[PDB]
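Participant: In the first instance, please consider these chains from the complex; the rest will follow:
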Amino acid sequence: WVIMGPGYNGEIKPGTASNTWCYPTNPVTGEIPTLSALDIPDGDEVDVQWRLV
């Protein structure tokens, strides 16, 4: 199977080629990392918001 580019409307048909798309043998996970929490000094709701922004 081969895949054709624009102008061929992306048609996928049987064929042959030496340039092959290939997902690397060991791909990686693209998850968003999780960081440690940020500590705000104690106060009332508005003081905490002011310190945050």
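Facilitator: Done, it's in. Numbering: from 1, shown residues only, chains lettered A, B, ... in the order given.
Participant: Next up, the contacts around residue A:41.
Facilitator: residue A:51 (Cβ atoms under 8 Å, 6 or more residues apart in numbering). No exception for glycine: its C-beta is placed from N, CA and C like everyone else's.
Participant: any idea how far it lies from residue A:1?
Facilitator: Distance, residue A:41 to residue A:1, using Cβ to Cβ, to the nearest Å: 62 Å.
Participant: and what of residue A:42?
Facilitator: For residue A:42, the distance to residue A:1 - Cβ to Cβ - is 63 Å.
Participant: go ahead and place chain B:
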Amino acid sequence: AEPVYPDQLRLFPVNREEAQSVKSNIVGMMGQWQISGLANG
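Facilitator: Let me add chain B to what's already shown:
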């Protein structure tokens, strides 16, 4: 970063964000066409 109370200010340390947080009070306490520095240029 830290709250600033205008009654504690002294024209002899002051961040740009701190100066912008309390702006009208600082402007009112200085003379017209007066220029004074804050910090870091």
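Participant: shouldn't residue B:15 be in contact with residue B:41?
Facilitator: No. Taking contacts as Cβ atoms under 8 Å, residue B:15 lies outside contact range of residue B:41: 11.9 Å.
Participant: which residues in the chain form strands?
Facilitator: Since no chain was named, I'll use chain A. Counting by DSSP state E, chain A has strands at residues A:2-3, A:12-13.
Participant: Show me which of residue B:15 and residue B:41 is the more surrounded one.
Facilitator: residue B:15 (14 against 5; other Cβ atoms under 10 Å in any protein chain shown).
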